[PDB]
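Just one chain is shown here, as structure tokens, and it is the form deposited in one PDB entry.
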């Protein structure tokens, strides 16, 4: 929104004053971004394109400078007015930086250069450090994309073992429910979009809006009509079955998919007590796939139970792998899902003989909110400065061998393995490796740009 538009105020306060802290005769700076470890050994890189389009969407102006000079003096921070005025007057307000990055969607082992930021102007060498705050927030779409990607590898494994069509099934197995459980609208759009790197099912409309505006994708994902807790109960307990039948009247057509929520005990009652008998026929006659979502009881146990109970209500087919596929009905567990309980469910149900085709998984806050900058120990570090015309390495520990100097990422041509290297070694090892980064942004201009489909192809091709 409009009150946040000024780029000069999109930073931590203390970093506005960093230009005064450089040695005299400093001429240039070079930064890199990496995951220093954390929950997973590899990260799907995603979201930088959206961050750049949204946070650097116009030249800096004199009005930006006036506003930032006034606020920062009152707030108590020094502000390099003359430095910003020169950038506006001489460089047309375009940030004199070059950003290189691994193509979005690639999956890269931890401890590797994911992007570099370099100054492209001697006077305005300090601009990269000014952008650390907004750039380091790339940790969020990277981490969400990674969590979603890791779940995809678990689901893909079980579909490969138990499904006749594992890649036809896989895009719909993890559904984003996190729009209400995430901390703002912008994070819903960006984290939801990061999920869509790996799957097609989402209820986070904001992610469609971002994918459409920033990743050239008119309709990045899909969903289905689904019942709410509130709507069912408000019919009253004496007409509760009529609420479910109305779901069928409104949405159940051949080839259509409709979800209904119910607590686990009512599901058991409906299959035992024969008032659900007319619900079964209307379900069967509809030709629709009715997805049942249990919303009480143990997240793992209840899936297996629903499968067994629905099997006796609706029957099953045995597929080519020897696993049962229920007729007409499916189960989605939307509660308590994380990579461990998800794996537990899949282990439980396939051991019971049910194909992974039968179940889907909803994740909300656990996908979009329960991540932080430490999940993958994200860092954005200075690695080199040019002083008195000479580049000097910048680092803290000499060990982690530690990354220093002007850096890039290499991909080995035969194996596809990644490794970080000095820009000095992109020759030399030509023949065995190619430079895996690309220039995505330079001096106010976005250069290399991806569609979400291009992002999806990198992520889908990556395996554990």
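Residue numbers count along the first chain shown, from 1. For clarity, a rigid core is taken as the largest C-alpha set superposing within 1.5 Å between two forms. Shifts are known only where both forms have a C-alpha.
Unshown form deposited in another entry; subsequent notes refer to it.
Of the residues 271, 288, 371, 360, exactly one exceeds or equals a 2 Å C-alpha shift between this form and the one not shown once the rigid core is aligned, and that residue is 271. Between the C-alpha atoms of residue 276 and residue 306, a gap narrowed by no less than 3 Å is obtained in the other form, as opposed to the form on display. Segments of 3 or more consecutive residues in which every C-alpha moves by 2 Å or more between this form and the one not shown, counting only residues present in both forms and fitting on the core, are 264 to 267, 270 to 276.
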